[PDB]
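Asker: This is the structure I want to talk about, given as structure tokens.
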Amino acid sequence: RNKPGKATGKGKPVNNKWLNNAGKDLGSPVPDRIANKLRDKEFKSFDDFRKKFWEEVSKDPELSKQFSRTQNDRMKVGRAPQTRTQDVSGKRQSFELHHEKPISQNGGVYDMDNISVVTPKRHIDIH
Amino acid sequence: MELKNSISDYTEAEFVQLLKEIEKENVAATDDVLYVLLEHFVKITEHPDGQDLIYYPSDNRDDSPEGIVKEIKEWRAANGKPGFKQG
């Protein structure tokens, strides 16, 4: 969980509305273009992965354009973008990374094909 | 950037200053201070979209401090609410 590891997976192609369906079922998948930048890279912890993940989003010319300037600034420094106010939940006001298969069951900490992006509300509902 | 009690105590320029402080805290390692500034932003503007004006700006206006001030001014004016201090 908080232990190092290599990221893997292919991810999926996405449109100009990547996070549109993020409070859906399993949310939005890791963009294929993002998985290529992260694949086979060693991370200290999942937190380190998440930080790099969002940085890559801000760096991807196609995805960054789907976010406002302030959103892009956050992600650049490794912070998850803020969700629309309607999708928040308490102090959880930003998109969260979800593991389809929990770390305990089958695990898959850095398996980008087991990671998706969901809103705080969706994460609570799926749980 | 003293947090005023009302948008009426804020000149437009002062509100812009508050927005740049928010942009500064928006790139910090934590959101503790940021969330306080955002809450204040929501309270004073009283805009129904709250912080979405910052993170999810309408494409019919500039995504910048000026665009945010403009949308706030137009919404408050259209609703007969007191606006920014002329100073």
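Positions of Cβ are backbone-derived with ideal geometry, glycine not excepted, and every protein chain shown enters the neighbour counts. Every number in this text was worked out from the coordinates using simple rules, so none of it is lab data.
Asker: Test A:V88 against the stated conditions and say whether it is among the β-branched types (V, I, T) and more than 14 Å from chain B (Cβ to nearest Cβ). So that I can check it myself, show each step before the final result.
Answerer: On the way: among the β-branched types (V, I, T): yes; more than 14 Å from chain B (Cβ to nearest Cβ): no.
No; evaluated as a whole, the condition is false for this residue.
Asker: Which condition from (1) loosely packed, with under 15 Cβ neighbours inside 10 Å; (2) at positive phi is the one that A:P102 breaks?
Answerer: The failed condition is (2).
Asker: From the list B:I54, B:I22, B:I68, which residue is within 17 Å of A:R74 (Cβ to Cβ), touching a strand residue (DSSP E or B) at 6+ places or on another chain (Cβ under 9 Å) and within 12 Å of chain A (Cβ to nearest Cβ)?
Answerer: Details: B:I22 fails: touching a strand residue (DSSP E or B) at 6+ places or on another chain (Cβ under 9 Å); B:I68 fails: touching a strand residue (DSSP E or B) at 6+ places or on another chain (Cβ under 9 Å).
Sole residue among the options that is within 17 Å of A:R74 (Cβ to Cβ), touching a strand residue (DSSP E or B) at 6+ places or on another chain (Cβ under 9 Å) and within 12 Å of chain A (Cβ to nearest Cβ): B:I54.
Asker: Hand me the list of helices (runs of 4 or more DSSP H) wholly inside chain B holding 2 or more residues that are surrounded by fewer than 19 Cβ atoms within 10 Å (Cβ to Cβ).
Answerer: Working: elements: B:12-25, B:32-45, B:52-55, B:65-78.
Once the helices (runs of 4 or more DSSP H) in chain B are filtered for at least 2 residues that are surrounded by fewer than 19 Cβ atoms within 10 Å (Cβ to Cβ), what remains is B:12-25, B:32-45, B:65-78.
Asker: Here are some residues: A:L97, A:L63. Which one is away from every other protein chain (no Cβ under 14 Å), hydrophobic (A, V, I, L, M, F, W, C), farther than 22 Å from B:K20 by Cα and part of a helix (DSSP H, G or I)? Walk me through it before giving the result.
Answerer: Numbers: A:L97 fails: part of a helix (DSSP H, G or I).
Result: A:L63 is the single residue among A:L97, A:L63 that is away from every other protein chain (no Cβ under 14 Å), hydrophobic (A, V, I, L, M, F, W, C), farther than 22 Å from B:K20 by Cα and part of a helix (DSSP H, G or I).
Asker: Okay, moving on. Only one of A:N15, A:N2, A:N72, A:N20 is without any contact (Cβ under 8 Å) to a residue 12 or more places away in the chain and over 16 Å from A:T119 (Cβ atoms); which? Give the steps one after another, and end with the answer.
Answerer: Numbers: A:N2 fails: without any contact (Cβ under 8 Å) to a residue 12 or more places away in the chain; A:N72 fails: without any contact (Cβ under 8 Å) to a residue 12 or more places away in the chain; A:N20 fails: over 16 Å from A:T119 (Cβ atoms).
Sole residue among the options that is without any contact (Cβ under 8 Å) to a residue 12 or more places away in the chain and over 16 Å from A:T119 (Cβ atoms): A:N15.
Asker: Hey, does segment B:65-80 have a residue that's in contact (Cβ under 8 Å) with a residue 24 or more places away in the chain, touching a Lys or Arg at 6+ places or on another chain (Cβ under 6 Å) and not polar (S, T, N, Q)?
Answerer: yes
Asker: Still on this structure: Can you work out which of the residues in segment A:81-99 that are under 15 Å from the mean Cα position of the chain (by Cα) and within 17 Å of B:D52 (Cα to Cα) is surrounded by the fewest Cβ atoms within 10 Å (Cβ to Cβ)?
Answerer: Within segment A:81-99, the subset under 15 Å from the mean Cα position of the chain (by Cα) is A:81-83, A:92-99.
Now narrow it down to the ones that are within 17 Å of B:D52 (Cα to Cα): A:81-83, A:92-95.
Numbers: A:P81: 22, A:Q82: 25, A:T83: 26, A:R92: 16, A:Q93: 21, A:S94: 19, A:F95: 26.
Filtering first and then ranking leaves A:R92.
Asker: Just one of (1) assigned to a loop (DSSP other than H, G, I, E, B); (2) of a type in the set (A, V, I, L, M, F, W, C); (3) farther than 30 Å from B:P65 by Cβ trips up A:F49, so point out which.
Answerer: It fails just one condition, (1).
Asker: Filter segment A:68-80 down to the residues that are surrounded by fewer than 22 Cβ atoms within 10 Å (Cβ to Cβ) and more than 7 Å from every other protein chain (Cβ to nearest Cβ), then identify the one that is farthest from B:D63 (Cα to Cα).
Answerer: A:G78
Asker: Kindly indicate whether B:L18 is farther than 19 Å from A:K91 by Cα, free of Cβ contacts under 8 Å to residues at least 40 places away in the same chain and among the hydrophobic types (A, V, I, L, M, F, W, C).
Answerer: Details: farther than 19 Å from A:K91 by Cα: yes; free of Cβ contacts under 8 Å to residues at least 40 places away in the same chain: yes; among the hydrophobic types (A, V, I, L, M, F, W, C): yes.
Yes.
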